[PDB]
Amino acid sequence: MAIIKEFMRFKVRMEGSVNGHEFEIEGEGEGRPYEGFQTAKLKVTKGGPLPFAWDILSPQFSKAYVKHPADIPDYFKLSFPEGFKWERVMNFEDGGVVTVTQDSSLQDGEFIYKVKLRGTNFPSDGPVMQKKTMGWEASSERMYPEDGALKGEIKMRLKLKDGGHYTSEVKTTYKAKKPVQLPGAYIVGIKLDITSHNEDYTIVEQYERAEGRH
Ligand SMILES: [Mg+2]
């Protein structure tokens, strides 16, 4: 029967560095892929506590869980079980840069995610390295087919604790491991929130809702 069930779990591992500080994270998540929501519980397993804002990592922890209207081919779901890769660059307005690569697959009944991230050039006195952030505004990820993959572009807005925001220009390329039907251009509306964290953000739970529309 259907490869992807109405309820699905995942496991994730991230290896990363930000301004040369190495860390690892392991987590697990679950959600309802056709309804477009999911939760994740992440643990810093190496390199904790992190000396920077969790918020730059949160968008790196799951595109199988986007609700898609029936007339827009669901590139992500169609790619399983083999799955898809994605690569991302986030150019923040004060010059920090985060580059990410990710592999998604369906193995032994659950999604498996492997992420590698490199952040550099965050100013030492900036909101990222000083942990002065408080979560992302809703995003519209503009998806368009290009050069045989699905490209997404976002101008993301990170809220500041004091009031105000901090901007990032994001480009992602999502590419199935086997050829799959690409959609036309469309938009994925996304909202991500940290719903729980321990004091030093070595255990973090986050909730995301995502839905495609024309
Ligand atoms: Mg299993």
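Neighbour counting of Cβ atoms within 10 Å sorts the residues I25, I3, fewest neighbours leading, into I3, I25. As a ratio to 2.2 N^0.38 Å, the alpha-carbon radius of gyration computed for the chain takes the value 0.98.
The GluC sites (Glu not before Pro) of segment 174-208 that DSSP puts in a loop, and whose beta carbon has at most 16 other beta carbons within 10 Å, are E199. So what's the net charge close to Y207: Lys and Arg +1, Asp and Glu -1, counting the other residues with Cβ under 10 Å from its Cβ? Value of the local net charge: -1.
Which percent, nearest 5, of DSSP beta bridges in the chain are antiparallel?
90
Quotient of the Cα radius of gyration of segment 92-214 and 2.2 N^0.38 Å, N being its number of residues: 1.19. Once the gyration tensor of the Cα atoms in segment 54-113 is diagonalised, the equivalent ellipsoid follows with semi-axes of 26, 15, 10 Å, ordered largest first. Counted by Cβ distance under 9 Å from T133, the other residues give a net charge of +3, where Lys and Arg count +1 and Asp and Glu count -1. Among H197, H68, a tally of other beta-carbon atoms within 10 Å of each Cβ gives an order, fewest to most, of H197, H68.
Kirkwood hydrodynamic radius computed over segment 1-123 comes to 15.4 Å, based on all pairs of distinct alpha carbons.
Read-outs throughout are calculated quantities, based only on the coordinates presented, and are distinct from any laboratory measurement. Cβ sites come from the backbone with ideal geometry, for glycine too, and all protein chains shown count toward neighbours.
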